[PDB]
Each structure stands twice: as structure tokens, then as C-alpha cells.
Amino acid sequence: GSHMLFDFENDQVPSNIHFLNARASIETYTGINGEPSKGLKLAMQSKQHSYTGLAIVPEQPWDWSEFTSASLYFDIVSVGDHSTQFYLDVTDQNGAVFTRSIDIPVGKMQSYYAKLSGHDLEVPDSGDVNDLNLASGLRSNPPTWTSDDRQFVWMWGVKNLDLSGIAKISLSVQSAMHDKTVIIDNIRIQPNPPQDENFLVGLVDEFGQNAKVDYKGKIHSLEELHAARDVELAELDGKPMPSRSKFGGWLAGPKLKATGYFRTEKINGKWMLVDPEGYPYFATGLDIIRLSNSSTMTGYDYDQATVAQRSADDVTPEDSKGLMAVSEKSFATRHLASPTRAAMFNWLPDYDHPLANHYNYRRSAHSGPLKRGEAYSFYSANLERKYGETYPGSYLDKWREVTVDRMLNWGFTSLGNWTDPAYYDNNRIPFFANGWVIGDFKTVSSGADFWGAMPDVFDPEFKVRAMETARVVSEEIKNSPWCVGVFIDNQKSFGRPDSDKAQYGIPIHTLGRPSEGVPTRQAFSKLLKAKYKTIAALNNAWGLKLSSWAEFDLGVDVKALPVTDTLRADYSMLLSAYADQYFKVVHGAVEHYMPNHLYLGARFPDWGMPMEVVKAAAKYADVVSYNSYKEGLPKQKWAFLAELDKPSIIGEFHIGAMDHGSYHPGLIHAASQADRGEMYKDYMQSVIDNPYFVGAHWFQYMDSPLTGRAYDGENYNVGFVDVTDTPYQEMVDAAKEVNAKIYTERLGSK
Ligand SMILES: OC[C@H]1O[C@@H](O)[C@H](O)[C@@H](O[C@@H]2O[C@H]3CO[C@@H]([C@@H]2O)[C@@H]3O[C@@H]2O[C@H](CO)[C@H](O)[C@H](O[C@@H]3O[C@H]4CO[C@@H]([C@@H]3O)[C@@H]4O)[C@H]2O)[C@H]1O
Ligand SMILES: [Ca+2]
Ligand SMILES: [Ca+2]
């Protein structure tokens, strides 16, 4: 309990705690130890405001440099009907920040801690700036000691702050659908207990489950797995919810023009899809209906001469490739690259074991302790355990059939993004198709290109690649009426919302480059010459003194120029031209090979939707797609949709919990499985209420691997099914409740 910062026992709201869209007071409540105590009650006006919370800002930064192995603790409980996800941001005197987050249930108050130093922060990650994981290759670790306190979950930022000056501690609730209220008490620093040197050892049992924790629903033997199977199989009969048309549209509603394909139409002031037969349609369903992302790095590697190399022409990025069948020749050369990874697994099969076919090999990774290596899919292994093999790979066919039966039973109207192409002829439930434009075209920088530099969309090779991407999608979907539409790409790093530098990173970086060999720079220069005509008019506009356009075309540093209204207008126009060109080229390619199908945009995240780029999508995309990892769609955040007046779709959302073995709930956190389901209905209700949305897909079908998906270490409870391929009943029930009213509520009387 070493160092108490705030116990509120002096009955005052400290004046160095600042509050935003929240009321604070001191109240008596029953604390952890059973005794009455003074605590801070914080009532956030989070239904009305998309940012609320407190910020502790001491007059001088705290000097905690003596605490070389210590954590910051809070006692927290939610009050009322709703759990609370708090974002903890701690900022030091050099501006460096980390973010952690956790759910705060209603009910019994607990202690929560955020490491400041020591243990699994000591060697924090791989040293790569884009690696958000801990050194283990997990996005957030199990705790480094045993206790009743709850560890705030790692999200992103700097692992090792300058403890000689901590400048701000922030707790916030963001984009909520409801007012949230908490009591906070006993804000303190405690030295860390000794590190448990086994904390990363023996994490995973043979089913891929958390080995050390026995939770409700955990599988303890093959027989229990088969029992869960048989119970589910007896209930799945292939029957869609009542009053669905053939393509999952609404039978009981207006019947509109039938074109033979999914299309868009505004119905009584609300955007809808319309299915090939003319019935109103609203898209619900799950992303990642595939096994590509279900494998986890085992810590072994192969002799490179034994591994097939990637073709330069492949349209599929490594993260979305099928699980790679590992040969005997490769497996013979198996050696240990990460002792830390390898010691995580209580069981991996020998080359000759019947489950050894669920090995995978990844030739790259976005982040983690390994750049490449062997991986294993426990989920895939469990499909073999559940369904057996009556000819090679038969459990996969059975998986796909059970998957479509599930979606129909659960009331979903579609298979979501990243559905394996083997579902494309299921001819029982519609699906969404996808492609990625990748290749060797030139690139530009935005300043935040965490997944690779942005495409130079004016390079003719970009268009050659987009056409190849669309050709392959068209080949896959076979012009099917079951295909709702095509997503291309995902969350491209167009710009970030922080600042002018962040928003206009593409214009700014690009203007800095010479025109020669840079097609986007050439297009920007061409646009500025058309607007201004003369170098003197440009000089006047930007406050510069270039001698000529030729000097301008050697590259101009605009980083230190203050952003006048004139300068912002040129940056805005440049970003618009760039986004217009991206969308023109992708739209054109999709239209060329798939003239009948909806083009669904590029899936803008919350952090990557500058208005220039949205307006460009709205011009070319039939439906504008957004990813939104929030508790819902707040009113003010989405009010801009009315001006665009385009049908829109949520590509991705989720809510996770940690009561089913996971070390990380995911991006948005619930107090339990039940609370996950409640939060799902809250999110979906906001989608259903918004007249611009024609659907929302949940990311993803299955939990990520406990020890992290191979690509980048995400280890989240974000599935409708767990690693044993067993449904979370609470999500199933929430989905049924939601899917039963999508049509009646949206289209009905009020
Ligand atoms: O430090 C960067 C961070 O900045 C913070 O401000 C952001 O809020 C963080 O946002 C996140 O950015 C990424 C990673 O998590 C999601 C969150 O918005 C964004 O990604 C998508 O969401 C899920 C999360 O479970 C996956 O990461 C998903 O990744 C895809 O999965 C499959 C299909 O396509 C690829 C792709 O990686 C893979 O094969 C993302 O769509 C953060 O930006
Ligand atoms: Ca107290
Ligand atoms: Ca993966």
C-alpha cells in the first residue's frame, strides 16, 4: 500500500483533479475492507457527451523515479444499471502516453492496477514502434503475480514512461450510450510483488483453452466437447427466422423493384438494401468466417529452403492467406526460435499425430517477437475433434454447413467480410466479398502508416493492381446474386484526427518530395498550377518566395508553415484529389469486372475518416463503410451522415469479457458474458435507429487465440464461438433478440 495519493478522507474534491462532462462529489460508501469510507463519486454525462471523465494534473509533475518496480492502483466500482469501460491514459513530462482499459462492473468494489515499471514492462516489446504487444507477442499478458486485484488491460502507447515526471493521469468514458457512474477511492502506488517466472509458462491446454483457469463452459475432455456438439446439432435445422425471403430480405413489407442483385433504396426516409427479388434487406452477421486468423505462433521455425516463397503477383496479403499446409520436409527442420512462445503450450502434436495437419506457417507478421514461423490453429484442430474425418478435410465441409445453419438459426441475414470463398456458393445465406489492392506500385506517406506506406494512386501500376484484385473477386463470386457487395481494402491510413499535421500528413509529406518519380506529387503540382497559374500567386497564397514552378517541383517544406485558411484549403483540396483518385480507380475496377454488384467502400475506422476522404467515398461507393469500435453510434459523432445522405454500413464492432479464460476482452469491454450480450443490443439498437445505416457486422466469428493471432498478437474474447467451436449462448441470445426486430422495428409504424 506504500504510497497513498488520494483517499478522499478529508472530504474534499481535490482541486488538481479536473472533470469533463461529469459531476464529482465525496460520498460515504462501503469499501473493499467492509468499513464505510470516503470516496469520489463520479457521475459522467456520457449519454449526452462522447467524452467524459477526470484528469489528475498535479501542479508539478510527480517524481516517482524511485519506484523502479511498481504499479498505480485504484479502487473502483460502477453504480446503477451499467458497467463502465474506463480508459486510463497516463502522460509524462515529455508528452509520452500509454493507454490501458478495463470494464468496471456494478456490485462488489475491486482494486485495479496499472504497471508503471518492472516485470513485463522491463523488456517491453520487440523494439519496433508499430508493435503494440508485450514481449510475449500477446496484446495483453496474464498477470505477473497472483492476486485478487485486476490488471488494467494493455491497449497501446509507451510502455516505459519517464517516471521522474508524471504529468497527468486520466480516467475517461468515451462514446457511451448511457450515463455512467462510478466511485473511486484509494488512488495509490504499491511496489510490485515478486514476478512469477512461470507467468508465460503452460498457458494453453490441448483444446487451446486457458490451462490454468477453470471457467464456466471450459471443456475438460473430448466427451464434454462431443456433448456440447450433440446438443447444438440437435437444435440446428437449417430454418431461417420467420418471414425472411429467399435472400434474407423482409417478406412482410413493401415489395420493390427486383433487379436480380442486391441494391440500395431509401424506404420511408430510411436507407435500406433491397435483395435480388425486391424485398427490403438489412445486413447483420459476422466477419472472419474463415480459418486464416485462427493460428498462433508456436515459437518454432523451419529451414527457409523448405518453405514456398510468395509470388509478387499474389492479390492476397499474408495475413489473409489460407492456413499453409506444412510438409514433412519442412517439419523435419523444425528448430526453436522463441523459447518464450514454445513454453506457452502444454501440448502440440508430433508430425505423425492425426491433428498435425493444423500446423500453419506464416512468412511475415505485422508485430510480435517473431517475423515469421510455425503456427498452430487450435480452433481448426477442434473442428477435426468434433466432426472427424471421413475423407481428407471433411470436418471443414461440416464446419461450413454447421456455420450456415448457425447464422440462419441466429437470425443473421449475411455472412460478413472475410468469408472464406468456399461459402460463396452456399446458396442459402447472402455473403460479402472482399479484395485487397497490394503490389509493387509507388507509395506516399501520411505520417501514421502503421500497416505499410499508402498507395501512390496516381501510379499506373496501382490501377493495374486494382484491376487484378477485382478480376480475382469476380472470379470468386461468379456474378452470384447471393453476393451483397464488395469491400476493397480496410482501414487505410489516409490521415489521423489529432492535428493539422495528422490530418494532412499525405499533402504535407508529398509536397515535400520532388515531382520527379512521384506520380501523386505530379498530380498535386498540376492541381496547384491550375488554381494559381503563376508562381507569384502561389507565393502570395502560402507566404513563400519560390523563384519558379521548377523550384516548387523540387519539393517544398511546408511543415513549419502556420495553417492559414488559405493553406488549409489547398491541403484539403489535395487530400480530396488523392482520395477521389483512390476511389475512382477502385470503383472503376470493381464496376469493370462486377457491373451488377455494390461497391462497399474501404471501411473507415474512427481514427481514419477525414471528411475529405469520406466525401470521396460518398461519390464513388454505393455504400460507405465504417468500422466503429465503440459502445454505439453517438448522435453528434454521426450527425455528418445527414449531409452525405448515403446508405452506410458498420464493417466491424465487438464487445469482450474476461470471464471465459481470455487475457484481453478486446477493444470494447463488458463485465461478463451476460453484459457482452446486453452491450451488443445497445450497439445494434443505435445502428437500427440510425436512418443512414443498412447493416452492421460483428468482428468476429471466433475468439482470437489465447496466445495471440499470428499476424499481430490480438488475443481477444471477440467471438460468437470460443476456441472449442462452442457458441457463447449469451451472444447467440442477444443476436436472436436483435435479429428478430431489424425489419419490424426499422420499417414499422413508428
Ligand atoms: O496505435 C494504433 C492505435 O491507435 C489508437 O488510436 C486506435 O484507436 C487503435 O485502433 C485500432 O486500430 C486497428 C486495430 O484494432 C482496431 C482498432 O480500431 C483496428 O483494426 C480492426 O479491428 C480488429 C480488432 O480486433 C482487427 O485488428 C482487424 O484486423 C483485420 O483482421 C483480419 C482481416 O483483415 C486483416 C486486418 O488486420 C486481418 O487478416 C481490423 O479491421 C489503433 O489504431
Ligand atoms: Ca477513502
Ligand atoms: Ca492472424
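Whatever order the structure lists them in is the order used to number ligands and atoms, beginning at 1. Count residues from 1 along the sequence. In what follows, every heavy atom counts, from backbone to side chain, and hydrogens, waters and symmetry copies are set aside.
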Student: Can you check whether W451 has an N/O within less than 3.5 Å of an N/O in ligand 1?
Tutor: no

Student: What about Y663 and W154, are their ring centers closer than 6.0 Å?
Tutor: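 Distance test on ring centres: not under 6.0 Å, no.
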
Student: Heavy atom of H654 under 4.0 Å from ligand 1?
Tutor: yes

Student: Pairing donors with acceptors under 3.5 angstrom, does anything connect the side chains of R603 and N490?
Tutor: yes

Student: Below 3.5 Å, N or O to N or O, backbone or side chain included: is there any such pair between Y716 and ligand 1?
Tutor: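 No, since none of the N or O atoms of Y716 sits under 3.5 Å from an N or O of ligand 1.
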
Student: Taking the Ca ion (ligand 2) as the reference point, name the nearest N/O/S atom of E9.
Tutor: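 Answer by atom name: OE2.
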
Student: Would you check whether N293 has a nitrogen or oxygen atom less than 3.5 angstrom from a nitrogen or oxygen atom of ligand 1?
Tutor: yes

Student: State whether the side chain of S445 and the backbone N or O of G447 hold a donor-acceptor pair below 3.5 Å, judged by distance alone.
Tutor: no

Student: Using modelled atom types only, decide if a donor and an acceptor are shared between the side chain of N133 and the backbone of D712 within a distance under 3.5 Å.
Tutor: yes

Student: Would you say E35 and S37 are linked by a side-chain donor-acceptor pair, where the criterion is simply a distance under 3.5 Å?
Tutor: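 Their side chains do not contain a donor-acceptor pair, so the 3.5 Å distance test is not met.
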
Student: How wide is the angle at the Ca ion (ligand 2) spanned by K38 O and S37 OG, rounded to 10 degrees?
Tutor: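 So the angle at the metal works out to 90°.
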
Student: With carbon and hydrogen excluded and only N/O/S kept, which atom of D7 is nearest the Ca ion (ligand 2)?
Tutor: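 Looking only at N, O and S atoms of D7, the one nearest the Ca ion (ligand 2) is named O.
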
Student: Consider every N or O of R496 and every N or O of ligand 1, then say whether any pair is closer than 3.5 Å.
Tutor: yes

Student: If we count only N and O atoms by modelled type, under 3.5 Å, do the side chains of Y379 and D725 hold a donor and an acceptor together?
Tutor: yes

Student: Give the residue, atom name and distance (to 0.1 Å) of the protein heavy atom nearest atom 40 (C) of ligand 1.
Tutor: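 Here the closest protein heavy atom is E652 OE1, 3.4 Å.
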
Student: Is there at least one pair of N or O atoms, one from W607 and one from ligand 1, spaced under 3.5 Å apart?
Tutor: yes

Student: With no hydrogens and no angle check, just 3.5 Å: does a side-chain donor-acceptor pair link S140 and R100?
Tutor: no

Student: Could you pull out, from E714, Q700, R709, the option with a heavy atom nearest to atom 30 (C) of ligand 1?
Tutor: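 Considering heavy atoms of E714, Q700, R709, the nearest to atom 30 (C) of ligand 1 sits in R709.
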
Student: Before signing off on this row, confirm whether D606 and ligand 1 have an N or O atom pair separated by under 3.5 Å.
Tutor: no

